[PDB]
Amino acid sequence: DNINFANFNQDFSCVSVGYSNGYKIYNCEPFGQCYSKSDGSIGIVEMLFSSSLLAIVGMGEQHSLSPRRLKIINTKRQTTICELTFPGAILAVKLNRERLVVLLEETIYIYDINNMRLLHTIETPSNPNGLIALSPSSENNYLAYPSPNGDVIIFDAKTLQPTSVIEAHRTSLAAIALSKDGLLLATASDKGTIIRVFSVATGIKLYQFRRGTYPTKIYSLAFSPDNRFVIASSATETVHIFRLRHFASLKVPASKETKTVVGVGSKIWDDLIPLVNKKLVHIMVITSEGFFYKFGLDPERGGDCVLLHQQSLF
């Protein structure tokens, strides 16, 4: 394909992948397949941390799979928890320990993941690019989604009330992300010149970073799990690392306008590199072509990140 879909789980410790003939789970550290399952064509396959709970959506209409349907399964018990049938293409599925959120182009569905009770529905301006962020923290259980121009609505998925409207950018968003603890929001507009970081709990703009001079498509934002860094990849295939312009950067070895998703490992590693050992933050890049590139970031010195490993998800 080489792949239909690939995403990190919530703490960047695994990657889930959908293919024309099934889905796989990979551990990031060390890299290797830890689950495989033959099936139909899989469009979305999302994890719940490293539990055995998977959320699965078909790519294309099949007998037992569809883009309009969500299957919640348990890999250990090898059972189906439920299936939910929606009135249109599922653009995104996000999860934490208290909530399941399902995104359609003009509707957000919020579930209690414990009993699968539909808790609340949100009608929205068209979100064809399927932008959404859901806090991995049940204590700070916030949901962020755009409301076009570049407004971001913050929603309290615990109390089911709106919290704030953040005027992130003048034009429509290209990318969005929340921190591990749910408390920081990072944004970029479709112009991708400026990256912003907001306090979710107060709406306060904490940071602002210039990605570059000329506009570009930002594919992906991510926080380090300690809130020390925010990362951004784009169509130029330059990935920038901003420490809360760049403290560090790296170049993804892929053609221009290759879509990427980025993640950062939670631990600092004592990598042996040409010899010295350097304690490095691991930045991971998944390309639409199914390539997995792991770079090492010097949290002290920054600069251009060394490529540590290339893997393949196919």
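Note that residue numbering follows the sequence shown and begins at 1.
In the deposited entry, the stretch joining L244 to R245 is interrupted by 10 or more residues of the deposited sequence lacking coordinates.
The gap between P274 and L275 holds 10 or more unmodelled residues of the deposited sequence. Remark: stretch with higher mean C-alpha B factor among 60-68 and 250-258 is 60-68.
For the pair 157-165 and 110-118, the record assigns the higher mean C-alpha temperature factor to 157-165.
The residue among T187, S135, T213, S224 whose C-alpha carries the highest B-factor in the deposited model is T213.
Ranking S179, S220, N141, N127 by the C-alpha B-factor listed in the PDB entry places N127 at the top. For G88, the recorded CA B-factor ranks within the lowest third of the chain. Only modelled residues enter the ranking. In the PDB entry, a CA B factor belonging to the middle third of its chain's modelled residues is recorded for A6. The deposited CA B-factor of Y35 belongs to the highest third of values across its chain.
When the modelled residues of the chain are ordered by C-alpha B-factor, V102 sits in the lowest third.
In the deposited entry, the Cα temperature factor of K94 places it in the lowest third of its chain's modelled residues.
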